[PDB]
Amino acid sequence: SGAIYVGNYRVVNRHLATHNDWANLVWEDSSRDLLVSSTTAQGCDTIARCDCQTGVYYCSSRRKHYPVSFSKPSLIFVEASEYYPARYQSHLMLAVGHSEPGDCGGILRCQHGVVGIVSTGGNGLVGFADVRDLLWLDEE
Ligand SMILES: CSc1ccccc1CC(=O)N1CCc2nccc(O)c2C1
Ligand SMILES: [Zn+2]
């Protein structure tokens, strides 16, 4: 579990969105595993606007933040899990690192701010769903 709180938005994995998220929906995209809902209070996270390929992510199954090198956002072939059938997930970045289903949520960050959130893994690999191209998160 885990979310990004920026301005009056809450960014979560689409497959982990609650009824309150769907009842206060701003935007969702199944191909990216992302959903954004509105919040009453303002959040403290800042979104990175960059092309960094090194950062640090939070892994709840280890209670640790790991430094990682990660690929550029791409259309990444992901095998069946409890939530999506094997398919092609877009705007996905991969890194070598430990992860369990429960970790989805965890923030990947660089020197500029939040880059994305865990979205996939297995095989000793993890994927984050990128958010750096969602410029509208910084306003309205
Ligand atoms: C951070 S989510 C996660 C973490 C640890 C393990 C599995 C997942 C779920 C997932 O994404 N799957 C399910 C199984 C799996 N296994 C091997 C190759 C895969 O493509 C997939 C895709
Ligand atoms: Zn950066």
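Counting starts at 1 for both ligands and their atoms, in listed order. Residues take their numbers from the sequence shown, with the count starting at 1.
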Using a strict 4.0 Å threshold on nitrogen-to-oxygen distance, state whether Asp133 and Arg32 make a salt bridge.
yes
Between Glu100 and ligand 1, find which residue part has any heavy-atom pair under 4.0 Å and reply side chain, backbone, both or neither.
backbone
For the atoms SG of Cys110 and SG of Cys50, give the angle they form at the Zn ion (ligand 2), rounded to 10 degrees.
110°
For ligand 1, which atoms have a heavy atom of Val118 less than 4.0 angstrom away?
1 (C)
Heavy atoms, side chains only, cut-off 4.5 Å: are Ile4 and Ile107 in contact?
yes
With carbon and hydrogen excluded and only N/O/S kept, which atom of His112 is nearest the Zn ion (ligand 2)?
ND1
Shared ILVMFWY cluster between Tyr58 and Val126, side chains joined below 4.5 angstrom?
no
for atom 5 (C) of ligand 1, nearest protein heavy atom and its distance come out as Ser99 O, 2.8 Å
Between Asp103 and ligand 1, which part of the residue brings a heavy atom under 4.0 Å of the ligand: side chain, backbone, both or neither?
neither
State which residues pass ring-ring contact (aromatic ring centres under 6.0 Å, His included) with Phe128; sequence neighbours excluded, sorted by chain then number.
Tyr57
If you take all heavy atoms of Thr18 and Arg10, which pair is closest and at what distance?
CG2-NH2, 4.1 Å
Ligand 1 to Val78, heavy atom cutoff 4.0 Å, flagged ligand atoms 20 (O), 22 (C)
Taking 4.0 angstrom as the limit and counting only heavy atoms of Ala80, give me the atoms of ligand 1 inside it, by number and element.
13 (C), 14 (C)
Testing the 3.5 Å rule here: is there a donor-acceptor pair between the side chains of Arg62 and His98?
yes
Please report the shortest heavy-atom distance between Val131 and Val114, naming the atom on each side.
CG2-O, 4.3 Å
Check each of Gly127, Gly121, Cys104 against atom 10 (C) of ligand 1 and report the one with the nearest heavy atom.
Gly121
Within-shell test, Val126 vs ligand 1, heavy atom, strictly < 4.0 Å:
no
Give the C-alpha distance, both sets of side-chain angles, the deciding distance and a yes or no for side-chain hydrogen bond (donor to acceptor under 3.5 Å, both in side chains) between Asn24 and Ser37.
CA-CA 5 Å; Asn24 291 284; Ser37 58; over 6 Å; no
What protein heavy atom lies closest to atom 20 (O) of ligand 1? Include the residue and the distance to one decimal.
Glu79 N, 2.9 Å
Ligand 1 versus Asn123: contacting region, heavy-atom distance under 4.0 Å:
side chain
